[PDB]
Amino acid sequence: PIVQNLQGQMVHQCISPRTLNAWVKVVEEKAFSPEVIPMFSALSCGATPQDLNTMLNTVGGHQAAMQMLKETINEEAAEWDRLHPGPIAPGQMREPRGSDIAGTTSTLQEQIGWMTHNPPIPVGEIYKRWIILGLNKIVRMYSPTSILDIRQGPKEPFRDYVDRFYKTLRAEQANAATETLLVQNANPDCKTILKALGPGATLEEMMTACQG
Amino acid sequence: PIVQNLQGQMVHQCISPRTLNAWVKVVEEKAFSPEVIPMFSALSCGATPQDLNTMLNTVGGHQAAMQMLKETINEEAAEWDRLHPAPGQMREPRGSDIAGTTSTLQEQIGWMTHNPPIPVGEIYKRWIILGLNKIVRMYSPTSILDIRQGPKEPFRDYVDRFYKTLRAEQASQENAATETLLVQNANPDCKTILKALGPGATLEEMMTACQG
Amino acid sequence: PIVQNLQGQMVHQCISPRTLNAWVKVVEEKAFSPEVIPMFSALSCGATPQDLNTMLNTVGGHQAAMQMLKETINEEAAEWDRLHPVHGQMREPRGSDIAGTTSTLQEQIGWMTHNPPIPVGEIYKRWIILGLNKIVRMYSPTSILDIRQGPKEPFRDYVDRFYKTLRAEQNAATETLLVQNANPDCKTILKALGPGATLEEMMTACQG
Amino acid sequence: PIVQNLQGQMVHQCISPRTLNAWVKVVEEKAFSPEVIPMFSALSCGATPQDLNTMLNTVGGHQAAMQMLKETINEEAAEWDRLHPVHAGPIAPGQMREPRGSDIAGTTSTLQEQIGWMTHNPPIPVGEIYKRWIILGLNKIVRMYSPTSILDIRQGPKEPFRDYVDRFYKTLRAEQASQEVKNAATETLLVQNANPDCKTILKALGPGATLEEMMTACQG
Amino acid sequence: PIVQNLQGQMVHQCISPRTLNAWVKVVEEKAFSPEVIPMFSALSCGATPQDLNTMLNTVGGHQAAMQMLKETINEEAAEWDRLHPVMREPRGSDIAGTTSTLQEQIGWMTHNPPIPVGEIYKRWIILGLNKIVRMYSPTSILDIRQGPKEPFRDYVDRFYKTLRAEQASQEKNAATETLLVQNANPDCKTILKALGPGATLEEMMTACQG
Amino acid sequence: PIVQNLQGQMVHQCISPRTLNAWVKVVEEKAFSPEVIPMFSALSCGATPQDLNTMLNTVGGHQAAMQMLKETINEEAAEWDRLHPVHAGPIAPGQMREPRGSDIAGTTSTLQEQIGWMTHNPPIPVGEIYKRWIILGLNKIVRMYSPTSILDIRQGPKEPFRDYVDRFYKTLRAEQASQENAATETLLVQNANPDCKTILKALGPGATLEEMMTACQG
Ligand SMILES: O=C(Cc1c[nH]c2ccc(O)cc12)N[C@@H](Cc1cc(F)cc(F)c1)c1ncccc1-c1ccc(Cl)cc1
Ligand SMILES: O=C(Cc1c[nH]c2ccc(O)cc12)N[C@@H](Cc1cc(F)cc(F)c1)c1ncccc1-c1ccc(Cl)cc1
Ligand SMILES: O=C(Cc1c[nH]c2ccc(O)cc12)N[C@@H](Cc1cc(F)cc(F)c1)c1ncccc1-c1ccc(Cl)cc1
Ligand SMILES: O=C(Cc1c[nH]c2ccc(O)cc12)N[C@@H](Cc1cc(F)cc(F)c1)c1ncccc1-c1ccc(Cl)cc1
Ligand SMILES: O=C(Cc1c[nH]c2ccc(O)cc12)N[C@@H](Cc1cc(F)cc(F)c1)c1ncccc1-c1ccc(Cl)cc1
Ligand SMILES: O=C(Cc1c[nH]c2ccc(O)cc12)N[C@@H](Cc1cc(F)cc(F)c1)c1ncccc1-c1ccc(Cl)cc1
């Protein structure tokens with residue numbers, strides 16, 4: 001990653017072993033639960049495209065998701081070569097192509113130069129956005145149940161049902177329709193009390209009333 | 001977060017992997033026990049709104065509580081807007097800017113390091129801690145009125161359960177009214193000794209009298 | 001806490017996660033064994049009152065001890081106010097300012113880095129260590145007068161229990177009690193040694 | 001390794017105990033799975049040849065693969081000597097002598113020489129060149145430890161499609177040394193070796209379907 | 001500790017939590033084996049008298065040994081006062097940290113010429129810990145004798161591990177070379193004396209390698 | 001150890017608890033296997049003679065090997081005193097006194113003297129000199145501790161060829177103490193099983209180990 005030397009200077013640093021191991025352990029233990037994405041973005045703070053490819057490469061399993069990730073990266077790189085289609089002025093740098101942002105045709109020197117340019121170009125941030133777009137698709141794919149099939153059990157507490165509802169909703173959406181769907185699929189007892197509270201009630205109010 | 005450079009300038013640093021893992025471990029091992037809130041505040045020292053959202057996003061389960069937290073944040077942001085309705089006049093943040101939904105990292109750093117500053121991270125953390133206090137209270141299993149000393153339970157263990165329950169029910173907020181409930185719900189043998197101690201006794205004297 | 005940077009100035013640092021975790025694990029492992037107190041003083045090196053309240057707040061159990069601690073802190077703050085009554089001059093802290101209930105972080109830093117300093121962090125830690133001493137003495141399972149060498153207990157094990165018990169509660173009186181509560185065999189060997197025997201001599205004469 | 005100073009100058013730092021122990025654990029746990037190679041490269045960021053030799057020396061077992069690695073490095077060193085022979089004679093003041101293949105591999109060079117090469121203006125990256133040779137030898141080891149051919153990866157009658165694709169592309173990664181390869185034949189081989197139920201659904205999708213569409217169709 | 005900064009200056013740092021934890025675990029695992037002493041010396045690198053008292057205070061058990069350590073420290077402190085009778089020079093209680101503030105300890109340690117109160121106190125502690133390792137040593141060196149079926153390597157292992165606790169890690173002496181051969185089993189005893197005098201341990205062990 | 005500060009100067013730094021615990025662990029878990037030696041050299045990077053003695057002092061067991069190590073250090077120190085005699089007289093201003101063998105081994109030198117030699121211009125690397133002596137003794141320990149001989153390593157009946165080569169070069173590493181050949185190449189083919197040995201000769205002359213293990217893959 002490109003961090004800050006105490007001279008306010010932007011220098012390149014090696015990815016720490018602690019960060020490498022952290023990202024690896026997150027994937028092995030959490031698979032593609034929705035919270036893996038914000039953990040990836042946080043662990044890749046200030047990363048060059050080379051750092052992002054290093055992080056994706058250290059993943060041992062989940063090679064089906066990784067191939068899907070590549071196919072998303074290639075479709076975003078194609079769009080970049082459209083919206084931002086040779087001599088190079090002194091003190092300046094070339095313009096990046098989609099393969100340069102993904103790190104398939106660019107070097108660490110070219111990436112560092114783009115990210116420390118006084119007219120800067122954040123190829124690491126552009127690449128990370130493409131990666132997160134693909135990770136969203138993978139999280140949607142790995143979600144076992146649709147939001148429509150989340151229904152409160154007969155003897156299941158309302159808290160545990162809302163836990164499953166919003167965790168499913170997080171994976172899918174990687175609003176009034178969600179509120180109507182939440183009350184509609186509560187068990188018939190809890191359901192009636194939710195209808196009796198009236199509309200526009202906060203989630204805190206619904207859960208303390210359904211606590212019986 | 002925003003930290004101090006050896007050049008004396010407030011600079012932005014990436015949230016460390018050890019801090020991310022410590023916060024995830026706390027939530028997984030303690031859920032919403034009262035002591036989680038001070039640990040959250042300590043682990044988010046100097047945090048920007050983006051850093052606070054990263055910490056909240058790394059929470060795996062408890063999505064009912066997370067949605068409740070969003071509703072509290074939404075209400076605090078709305079009240080902030082109602083309470084905050086020149087060449088070079090800086091644009092001041094709205095509730096959504098403080099919460100980080102409509103503001104960039106660069107804008108958040110601008111407010112926090114301005115002269116005079118607007119501590120959007122400290123403001124946002126105040127809203128989060130309020131919502132976490134609500135969650136801790138709702139998650140508290142037992143009422144303080146139901147904490148009663150067992151016939152063979154040592155007085156110290158009873159007081160441990162009592163004050164830990166009181167902490168969850170008041171969400172760690174600050175009484176002889178608690179002293180009377182503590183004496184009233186002690187078992188008959190200890191209650192007699194506590195009555196004989198006279199009023200206004202310290203807790204240290206009370207537990208030394210009920211040790212035999 | 002307050003540490004020094006590379007310009008000779010005292011700068012404020014965020015409390016570190018490894019320090020926080022170390023203090024939590026100390027309370028979970030050692031409860032209120034006497035050695036918990038010096039560990040607290042070492043982990044709170046340079047702490048502001050805000051940092052001291054953070055460390056105490058991260059304790060999960062032992063809430064009976066924590067309430068006792070608040071009562072000790074309250075009495076120390078009241079005594080500070082009694083000894084510092086109100087009369088270019090800097091405002092001086094109240095007892096609640098040292099304890100962090102009525103002072104902001106900037107006020108605590110301003111006091112701790114003033115010339116000359118008012119070390120509200122070290123004053124507060126003093127009050128806290130006073131309270132921990134009472135908790136450790138409370139948690140002490142047995143009185144020192146009841147620590148007695150078993151008829152088949154090695155003299156070294158008896159001395160280990162003796163001095164660990166004395167530490168939680170707190171010299172010629174202790175040497176008298178140590179010899180007096182030994183079993184009749186070791187007691188005879190210790191009395192035959194006479195006065196002026198070190199603990200090393202006493203433990204050697206009874207090592208059999 | 002050689003890292004940027006807080007002045008901003010390339011200085012030598014000792015290899016850290018955390019980096020050393022990390023590399024030892026990845027080999028004890030993962031052996032020579034394909035993802036071990038990008039982990040080796042990441043843990044040896046900025047490494048000198050001496051550092052690279054230290055990491056290779058901490059491997060306790062797998063000595064057959066380590067001898068193979070030595071032989072691969074020897075062939076790359078000989079090739080370096082054929083393309084970059086050292087001009088004999090005295091070295092100009094303020095200059096470094098030209099490195100031979102054994103200097104890059106760290107057998108006939110000192111730590112002080114390796115530092116002088118890597119921090120020279122312009123730098124001669126003896127550490128990066130040596131790591132390139134090491135990764136070439138590691139590619140061979142990954143293939144040797146992954147015997148199962150991609151042609152023998154077949155979805156079980158009740159194996160979930162996602163697990164079958166996991167085994168497929170993990171086997172392909174070892175065979176192809178983690179090299180990005182766009183090829184239609186390997187994507188038709190994936191459909192070809194799916195089980196009867198999913199293979200019917202995949203053919204009912206039509207040709208030229210993305211992996212996301214295929215895994216969604218066989219999600220049942 | 002008093003350690004080098006980055007600007008070439010000696011400054012005071014707080015004792016590290018990782019250092020405190022390492023010292024606690026060492027005592028828990030090894031008790032008072034001889035190798036505990038060099039571990040204590042390494043973990044107390046640059047320590048002030050306050051840091052040394054902090055480390056000793058984190059020891060939970062072993063309070064019999066800790067009281068003996070206090071008695072050794074008091075003897076060394078009393079001998080310091082007798083050898084330094086009355087720039088205020090530190091008394092024994094100042095070196096041990098019972099009557100000295102942290103600022104006074106730093107004032108002595110960083111003076112020119114310095115008075116290293118941390119190193120002096122560490123010497124007293126190590127002298128006291130050596131007496132504890134010796135007293136807690138289970139066996140005397142004279143009772144280490146090679147088993148009839150015991151490999152010679154295993155006998156030499158027990159001999160020097162016992163001699164280390166006995167001679168409290170102090171330094172090939174003639175009596176120890178004769179005692180090692182004298183207490184070997186009659187078979188290897190013959191092979192050793194056949195080699196003659198002044199043989200290396202590598203030659204004694206290769207001969208009796210079995 | 002001696003490390004570089006932000007003034008480009010070499011300064012003394014305390015040895016870290018991570019380094020001490022790491023060295024203790026590799027000895028407890030791997031004794032004196034050949035891979036222990038490069039681990040000692042990496043963890044002692046930049047070490048003064050005092051640091052090197054600390055690491056050796058943290059070894060609890062293996063005291064027979066540690067006494068052999070002392071006798072190897074004593075013989076290297078005596079050879080240093082023969083080849084580098086100390087000259088009598090006062091020490092020139094701004095210079096260090098000449099180190100003798102016991103100074104390099106840290107028995108008669110102070111830490112400040114060790115720092116003085118290691119940071120002088122030009123530097124006398126007494127830590128690197130001492131470490132070489134230690135590694136010489138440790139190599140003699142790896143060979144004495146080695147159980148099997150390279151001659152007695154023969155391939156089993158149904159044992160895969162890769163497992164036989166694994167055991168072959170691991171034993172060879174202990175016999176040479178990580179020191180590195182048609183001699184070892186012919187001992188590898190001679191001590192194989194008759195099924196693979198036949199195919200090994202048919203491979204031809206000077207075949208690479210890759211070609212050899214692919215020829216006896218099954
Ligand atoms: O919204 C999410 C993702 C999410 C998590 N759980 C879900 C269930 C369904 C679903 O569709 C999405 C999600 N993250 C939040 C942070 C957050 C997380 C949490 F767990 C609890 C909080 F209070 C806040 C966020 N990230 C980036 C920028 C802004 C905000 C944000 C948004 C709204 C407010 Cl009021 C404030 C900030
Ligand atoms: O009071 C609490 C929360 C709490 C914890 N346990 C409870 C059980 C029931 C309950 O209702 C609330 C709580 N925190 C304290 C710190 C503390 C924690 C502790 F454990 C023991 C101490 F001595 C002090 C605190 N935080 C922020 C600012 C000031 C103070 C404070 C307050 C009063 C004093 Cl005298 C001093 C400081
Ligand atoms: O040679 C060894 C020791 C060793 C290990 N295993 C053995 C089995 C028998 C045996 O006799 C000795 C040994 N280390 C190597 C590093 C290495 C280790 C490995 F595992 C695999 C590699 F490719 C390289 C080395 N160290 C210091 C300086 C230079 C070289 C070196 C040597 C030859 C090349 Cl081509 C390049 C560098
Ligand atoms: O491709 C691989 C190795 C790999 C892993 N699994 C495989 C299965 C078979 C196979 O032949 C090779 C491999 N590394 C990638 C990074 C990556 C890894 C991953 F897991 C998932 C991603 F989306 C991206 C890479 N490294 C260095 C430079 C560029 C790129 C690259 C390539 C293509 C795109 Cl679109 C973008 C970047
Ligand atoms: O005295 C204690 C607490 C203690 C521990 N165990 C006990 C059993 C009963 C009991 O009443 C109190 C205690 N700490 C000591 C440090 C120490 C700890 C130890 F374990 C062994 C040592 F040699 C020294 C200390 N701390 C702060 C300042 C000065 C000294 C001090 C005191 C006397 C000497 Cl001669 C030197 C320094
Ligand atoms: O001597 C010891 C203690 C010791 C350990 N084991 C023992 C068994 C019986 C016994 O009486 C004492 C001891 N430490 C040594 C270091 C060492 C440790 C080791 F294990 C193996 C080595 F080669 C060297 C040492 N420390 C401080 C200063 C100088 C030296 C020193 C001494 C002699 C040489 Cl030639 C070189 C340095």
Side-chain angles (χ1 to χ4, degrees), chain A residues 34-35 38 49-50 52-59 62-63 65-74 77 99 102-105 127 130-131 134 166-174 178, chain B residues 49-50 52-59 62-63 65-74 77 96 99-101 124 127-128 131, chain D residues 34-35 38 49-50 52-59 62-63 65-74 77 102 105-107 130 133-134 137 169-170 172-181 186, chain F residues 34-35 38 169-178 181 184:
Chain A
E35 69 268 16
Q50 173 184 106
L52 294 170
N53 290 326
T54 299
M55 291 176 63
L56 302 180
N57 278 338
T58 58
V59 177
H62 307 274
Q63 289 303 310
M66 297 297 97
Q67 176 66 31
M68 272 183 54
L69 188 49
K70 295 183 187 180
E71 301 203 21
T72 303
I73 293 172
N74 282 320
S99 54
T104 57
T105 59
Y127 192 26
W130 297 352
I131 298 173
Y166 277 94
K167 183 170 189 191
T168 303
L169 187 62
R170 190 183 188 187
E172 164 61 25
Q173 214 165 329
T178 73
Chain B
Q50 184 196 71
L52 293 164
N53 285 324
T54 296
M55 303 184 72
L56 297 177
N57 277 328
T58 57
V59 174
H62 310 281
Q63 288 306 297
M66 290 304 111
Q67 172 62 24
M68 275 175 48
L69 181 59
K70 293 185 184 178
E71 288 181 12
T72 303
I73 296 172
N74 246 316
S96 53
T101 58
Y124 191 20
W127 304 347
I128 295 173
Chain D
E35 72 274 2
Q50 184 193 51
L52 295 164
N53 284 333
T54 289
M55 293 177 71
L56 294 179
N57 278 336
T58 63
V59 183
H62 310 274
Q63 288 304 296
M66 292 302 100
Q67 173 59 233
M68 270 195 54
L69 179 59
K70 286 182 180 179
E71 298 187 350
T72 302
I73 297 165
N74 251 317
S102 60
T107 54
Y130 190 24
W133 303 349
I134 292 175
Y169 279 96
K170 186 166 188 178
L172 189 58
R173 183 181 188 181
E175 281 189 353
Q176 285 178 180
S178 298
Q179 301 307 128
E180 177 214 9
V181 174
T186 81
Chain F
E35 63 262 41
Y169 280 97
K170 198 198 186 140
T171 312
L172 178 61
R173 192 182 184 179
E175 303 264 290
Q176 295 207 244
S178 294
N181 188 9
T184 71

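Start at 1 and go down the list; that is how both ligands and their atoms are numbered. Heavy-atom basis, side chains included; hydrogens, waters and symmetry copies ignored. The sequence lines fix the lettering, A, B, ..., with proteins before strands; numbering per chain opens at 1.
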Handout entry: Pairing residues for A:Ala174 by the side chain to side chain contact (heavy atoms under 4.5 Å, CB included) criterion, not counting sequence neighbours
Key =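 Partners of A:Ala174 by the side chain to side chain contact (heavy atoms under 4.5 Å, CB included) criterion, ordered by chain and then number, come out as A:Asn136, A:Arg140.
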Exercise for the section: Before giving the answer on side chain to side chain contact (heavy atoms under 4.5 Å, CB included), spell out for A:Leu169 and A:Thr178 the whole-Å C-alpha distance, their side-chain angles and the decisive distance to 0.1 Å. Expected result: CA-CA 9 Å; A:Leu169 187 62; A:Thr178 73; 4.1 Å; yes
Handout entry: Whether B:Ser96 side chain and B:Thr101 backbone form a donor-acceptor pair below 3.5 Å
Key =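 Here the side-chain-to-backbone pair does not exist.
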Practice task
Please could you name the atoms of ligand 3 that F:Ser178 approaches to less than 4.0 Å, counting only its heavy atoms?
Solution key: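 Those qualifying, in numeric order: 3 (C), 12 (C).
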Between ligand 1 and the protein, which N/O pairs fall short of 3.5 Å?
from, atom 1, to, atom 2, distance (Å)
ligand 1, 1 (O), B:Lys70, NZ, 2.9
ligand 1, 6 (N), B:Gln63, OE1, 3.0
ligand 1, 14 (N), B:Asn57, OD1, 2.8
ligand 1, 26 (N), B:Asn57, ND2, 3.3

Exercise for the section: Please tell me if the side chains of D:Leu69 and D:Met66 come closer than 4.5 Å, counting only heavy atoms from C-beta onward. Expected result: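 Result yes, sub-4.5 Å side-chain heavy-atom pair found.
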Exercise for the section: Apply side chain to side chain contact (heavy atoms under 4.5 Å, CB included) to A:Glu71 and A:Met68, showing your working. Expected result: CA-CA 5 Å; A:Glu71 301 203 21; A:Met68 272 183 54; 5.7 Å; no
Exercise for the section: Could you tell me which non-hydrogen atom of A:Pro49 sits nearest to which non-hydrogen atom of A:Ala102, and how far apart they are? Expected result: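 Reported closest heavy-atom pair: CB-C, 4.4 Å.
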